[PDB]
Amino acid sequence: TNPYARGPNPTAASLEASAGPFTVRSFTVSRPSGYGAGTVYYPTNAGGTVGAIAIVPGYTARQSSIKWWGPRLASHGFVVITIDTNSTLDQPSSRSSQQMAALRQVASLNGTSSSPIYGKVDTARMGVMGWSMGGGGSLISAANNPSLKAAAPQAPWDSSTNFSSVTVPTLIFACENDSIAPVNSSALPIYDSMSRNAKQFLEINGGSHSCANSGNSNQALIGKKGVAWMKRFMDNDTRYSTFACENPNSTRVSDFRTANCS
Ligand SMILES: [Cl-]
Numbered sequence: 487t488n489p490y491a492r493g494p495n496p497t498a499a500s501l502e503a504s505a506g507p508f509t510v511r512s513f514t515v516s517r518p519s520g521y522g523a524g525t526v527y528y529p530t531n532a533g534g535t536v537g538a539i540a541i542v543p544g545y546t547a548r549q550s551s552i553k554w555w556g557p558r559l560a561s562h563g564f565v566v567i568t569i570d571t572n573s574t575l576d577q578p579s580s581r582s583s584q585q586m587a588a589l590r591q592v593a594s595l596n597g598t599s600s601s602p603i604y605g606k607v608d609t610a611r612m613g614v615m616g617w618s619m620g621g622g623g624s625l626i627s628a629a630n631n632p633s634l635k636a637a638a639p640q641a642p643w644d645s646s647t648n649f650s651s652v653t654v655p656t657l658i659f660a661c662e663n664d665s666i667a668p669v670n671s672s673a674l675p676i677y678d679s680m681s682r683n684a685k686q687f688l689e690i691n692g693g694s695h696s697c698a699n700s701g702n703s704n705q706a707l708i709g710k711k712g713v714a715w716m717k718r719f720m721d722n723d724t725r726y727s728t729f730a731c732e733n734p735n736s737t738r739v740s741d742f743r744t745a746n747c748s
């Protein structure tokens, strides 16, 4: 028995729906430490401790741009913290530091008897996500903290394209027509630079820079893939190996690549 496997056996329909099987509650962090603000989403009875994921927005953006991931992932068995940065103009390195600080506070709250997530988190199992500069920050977080178990940035933005040291399983969401973090000069070179890890590249057909944000028109496919990736690698849950590693074979995807996934 995989001690980290949670919830009923997955189906395409259960992964494509707006929410998974778990009931989700949330709270705003009272005294954020090391970042601007945060909302914690958690499942009320996942059947055991679950991993934690920290999600960071992009330049000038706030929690609303990435908020949909909170309920979506939490409803499948994760504690998710979506954060506002100290300043909306923070750079990827600062975003990475605040992302890790948010994860540290989730771990601290896990040991605080007054917190709603008291005893709900397996603090040894954590992941990182984020949009644009927050996606670049997620990759920096993975490079600097190889104990992280999964990463799934979307339209990542960073001055470098060489993340060759990353050993964390990394799923890159890309948007075909991105004019802010262009695929050919950012997302794809970042993907190609990683030779040590399970990795995946999923490009949304005709998508703009915000193609993976709250309110996007591909929440069924993007949500399915994001949850499947997190489940497969944060929980070592091989029930999700096919969903995580498969080509969707969908006209909504203009480019799909994967390596070392199974
Ligand atoms: Cl950005």
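Residue numbers 487 to 748, in the numbering used here, belong to the letters of the sequence shown in order. Using N, Cα and C, we set each Cβ at its ideal position, and we do this for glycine too.
For ligand 1, no non-hydrogen atom lies closer than 7 Å to the CB of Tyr726. Apart from the 5 residues on each side of it in sequence, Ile626 sits with its Cβ closer than 7 Å to the Cβ of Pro578, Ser579, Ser582 in its chain, given in chain order.
Contact annotation: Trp554 and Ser700 have beta-carbon atoms nearer than 8 Å. For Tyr528, the three-state secondary structure derived from DSSP is strand. Within the segment 586–636, the beta strand (DSSP E) runs of at least 3 residues that lie entirely inside it are, in chain order, 607–617. In terms of CA proximity to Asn733, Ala745 leads the group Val536, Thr724, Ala745.
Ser512 is bridged by DSSP to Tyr527. The beta carbons of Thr571 and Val542 sit closer together than 8 Å. Inter-segment contact for the segment 671–679 and the segment 693–708 is absent: fewer than three beta-carbon pairs are separated by less than 8 Å.
In the structure shown, the three-state DSSP call for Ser582 is helix.
Proximity of the beta carbon of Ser618 to ligand 1 is indicated: a heavy atom of the ligand is located closer than 7 Å.
Around the Cβ of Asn495, a 10 Å sphere holds fewer than 16 other Cβ atoms; the residue is exposed. Relative to the non-hydrogen atoms of ligand 1, the Cβ of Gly544 comes within a distance shorter than 7 Å of at least one. For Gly693, there is no enclosing alpha helix (DSSP H), as DSSP marks it with neither H nor E. The alpha-carbon separation between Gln585 and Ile658 amounts to approximately 18 Å.
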